[PDB]
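Novice: Sequence and experimental coordinates follow.
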There are 2 protein chains.
Amino acid sequence: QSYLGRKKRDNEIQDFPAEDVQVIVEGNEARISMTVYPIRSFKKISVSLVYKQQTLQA
Amino acid sequence: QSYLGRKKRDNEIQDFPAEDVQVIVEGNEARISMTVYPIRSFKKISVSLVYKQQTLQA
């Protein structure tokens, strides 16, 4: 969690859920499972511009 | 209001209520509503003359 927190601090990753980080230890082996939302660079921006009427008074 | 005020200043109209002047704008159209009391020329004068008694003293 501390290691992933530093990555989020430096914006190397988007975010991670701390709850899903599960660690299982059995003998020599130590199974680790984690979830990470990777950082991505924008390459497409879609804009949906909608025109509408407005009524004025006074 | 300024235009109607000039008419009242020149006695071209009797009077107008400023509050009732409402303007509605929607798209190209611009609906305008106003009230004006038109100027009129006298053509009939009715007089109701009533005679009564008066008492004097001293």
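Specialist: Arrived safely, thanks for sending. Numbering: from 1, shown residues only, chains lettered A, B, ... in the order given.

Novice: Against residue B:29, how distant is the residue in chain A positioned nearest to chain B?
Specialist: Using C-beta to the nearest C-beta, the closest approach of chain A to chain B is made by residue A:56 at 4.2 Å. Backbone N, C-alpha and C define where each C-beta goes, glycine included. Going from residue A:56 to residue B:29 by C-beta to C-beta, to the nearest Å gives 11 Å.

Novice: and what of residue A:42?
Specialist: Distance of residue A:42 to residue B:29, given as C-beta to C-beta: 42 Å.

Novice: for chain A, what spans make up the strands?
Specialist: A:13-15, A:22-26, A:29-33, A:37-38 (DSSP state E).

Novice: Parallel or antiparallel, which strands does the first one pair with?
Specialist: If I follow you right, that is strand A:13-15. Strand A:13-15 has these partner strands in its sheet, going by DSSP bridges: strand A:37-38 (antiparallel).

Novice: List of residues touching the partner strand?
Specialist: Residues outside strand A:37-38 that contact it (C-beta atoms under 8 Å, 6 or more residues apart in numbering or on different chains): A:13, A:14, A:15, A:16.
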